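To start, the structure itself, in structure tokens.
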Amino acid sequence: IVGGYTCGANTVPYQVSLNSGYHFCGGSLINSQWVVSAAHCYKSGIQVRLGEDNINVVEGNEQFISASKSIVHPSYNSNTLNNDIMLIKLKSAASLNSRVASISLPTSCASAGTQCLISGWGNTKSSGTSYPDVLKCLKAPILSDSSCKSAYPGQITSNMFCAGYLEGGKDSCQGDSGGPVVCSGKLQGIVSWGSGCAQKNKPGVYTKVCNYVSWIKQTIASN
Ligand SMILES: Cc1cc(Br)c([O-])c(-c2cc3cc(C(N)=[NH2+])ccc3[nH]2)c1
Ligand SMILES: [Ca+2]
């Protein structure tokens with residue numbers, strides 16, 4: 001997260017860290033045995049870390065559970081990142097409490113102007129890599145479809161939305177991928193891509209979760 005602030009330990013209880021010997025993507029806990037992340041974060045050997053704040057120190061509240069399966073959306077396209085969503089089932093259910101809790105899926109899509117909270121342990125520099133030890137937060141508004149499409153002509157599908165600042169300086173970045181975009185207490189986006197990080201006129205692009213709620217429910221129900 002570039003231009004964001006320290007969230008404060010466990011203030012984002014649905015945030016998870018996907019770890020393969022190091023933190024590589026974020027995710028959101030939606031029930032005690034399932035997490036939603038981005039299909040481009042897929043790999044084998046994933047351990048899900050819940051109740052995390054400082055990813056390099058065990059401080060208490062952490063729960064490390066291995067992933068039993070990862071279900072990448074069948075129509076995920078790695079070249080356009082259309083349908084960039086993935087579900088991870090946990091080997092055992094997490095213990096939910098106030099530090100580890102699930103987030104609700106939306107009932108309707110959000111409108112431009114809605115303010116949302118984006119969080120993650122991704123890069124904090126737009127020019128160079130600087131990965132933090134504690135969780136960072138950023139409040140960003142969803143942009144209108146014309147501004148999103150004028151920013152990425154021909155690269156936005158109806159399963160994506162832009163959120164951020166066209167003036168630059170505040171944005172999600174590499175390492176934040178798979179993580180949550182929460183608006184009005186509902187999971188509305190998944191950090192997906194952008195051109196560079198916090199660059200002027202190049203806002204972040206997020207997977208539009210309201211378009212996948214029936215898919216998530218049917219898939220969890222059959223697995
Ligand atoms: C090289 C590389 C590898 C992975 Br995997 C990423 O997720 C990314 C990535 C870039 C990137 C940029 C943004 C943004 N809002 N500007 C958000 C997520 C991102 N993820 C970059
Ligand atoms: Ca820790």
Side-chain angles (χ1 to χ4, degrees), residues 1-4 6-13 15-20 22-28 37-43 46-65 70 72 76 78-81 84-86 99-100 116-143 147-148 151-152 155-156 160-181 189-208:
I1 299 290
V2 176
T6 300
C7 308
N10 309 90
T11 49
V12 188
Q15 171 76 241
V16 317
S17 164
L18 294 193
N19 185 285
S20 57
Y22 52 101
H23 165 80
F24 64 95
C25 275
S28 300
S37 182
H40 83 252
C41 286
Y42 173 86
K43 65 165 64 177
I46 293 179
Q47 180 181 59
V48 179
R49 293 184 172 210
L50 308 174
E52 279 283 10
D53 187 41
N54 182 323
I55 52 173
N56 290 309
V57 180
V58 173
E59 301 181 301
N61 300 307
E62 297 96 342
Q63 289 178 49
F64 292 178
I65 308 188
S70 297
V72 165
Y76 164 57
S78 49
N79 301 291
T80 61
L81 285 190
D84 191 11
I85 180 165
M86 162 180 79
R99 278 73 94 238
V100 178
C116 308
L117 182 73
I118 309 178
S119 49
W121 291 276
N123 190 17
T124 53
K125 296 172 62 60
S126 39
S127 317
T129 46
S130 197
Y131 289 96
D133 288 315
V134 302
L135 188 67
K136 301 287 175 180
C137 280
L138 177 72
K139 276 289 188 178
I142 290 184
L143 306 184
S147 295
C148 195
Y152 295 110
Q155 311 152 62
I156 305 296
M160 310 172 183
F161 64 84
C162 291
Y165 302 88
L166 301 175
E167 62 271 30
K170 301 186 196 66
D171 194 6
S172 50
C173 199
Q174 192 187 332
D176 289 319
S177 335
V181 176
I190 295 165
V191 186
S192 185
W193 58 280
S195 183
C197 297
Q199 299 306 309
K200 185 178 171 295
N201 297 137
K202 295 293 180 182
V205 192
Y206 304 86
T207 298
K208 192 172 190 175

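Every number for a ligand or one of its atoms is a count from 1 in the order of the listing. We count residues from 1, following the sequence as given.
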Side-chain H-bond candidate by donor/acceptor type, [X] with [Y], under 3.5 Å:
X      : Y      : answer
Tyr206 : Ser172 : yes
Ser192 : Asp84  : yes
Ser119 : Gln15  : yes
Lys43  : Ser20  : yes

If you count the atoms of ligand 1 from 1 in the order shown, which ones are under 4.0 Å from a heavy atom of [X]?
X      : value
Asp171 : 14 (C), 15 (N), 16 (N)
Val191 : 17 (C), 18 (C)
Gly204 : 15 (N)

Ring centre gap for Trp121 and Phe24 strictly below 6.0 Å =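 No, too far apart.
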Straight-line distance of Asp133 CG to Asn54 CG, nearest 0.5 Å =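 Here the rounded value is 4.5 Å.
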Could you pull out the closest heavy-atom pair between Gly122 and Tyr131, with the gap in Å?
->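 The pair with the smallest heavy-atom distance is C-CD2, 3.6 Å.
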[atom] [closest protein heavy-atom partner, distance rounded to 0.1 Å]:
atom                    : answer
atom 17 (C) of ligand 1 : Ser172 OG, 3.5 Å
atom 20 (N) of ligand 1 : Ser177 OG, 3.2 Å
atom 4 (C) of ligand 1  : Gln174 CG, 3.8 Å

Per-residue contact class, [X] against ligand 1 - non-hydrogen pairs under 4.0 Å:
X      : value
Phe24  : neither
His40  : side chain
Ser192 : backbone

Over-ring placement of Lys208 relative to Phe161, 6.0 Å and 45° cut-offs |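 Output no; distance or angle outside limits.
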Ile142 vs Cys116, side-chain contact (heavy atoms from CB on, under 4.5 Å): CA-CA, chis, key distance, verdict = CA-CA 7 Å; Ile142 290 184; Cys116 308; 3.7 Å; yes
With 3.0 Å as the limit, jot down which protein N, O or S atoms are around the Ca ion (ligand 2).
->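 You should have found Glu52 OE1, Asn54 O, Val57 O, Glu62 OE2.
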Report yes if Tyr206 has an N/O atom closer than 3.5 Å to an N/O atom of ligand 1; otherwise report no.
->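 Such a contact does not occur with ligand 1.
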Report yes if some N/O of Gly196 lies less than 3.5 Å from some N/O of ligand 1; otherwise report no.
->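 So ligand 1 has an N or O lying under 3.5 Å from an N or O of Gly196.
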NZ (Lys200) with more than 12 external heavy atoms under 6.0 Å |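 Not more than 12 within 6.0 Å, no.
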Do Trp193 and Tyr152 have side chains that get closer than 4.5 Å, going by heavy atoms?
->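 Result yes, sub-4.5 Å side-chain heavy-atom pair found.
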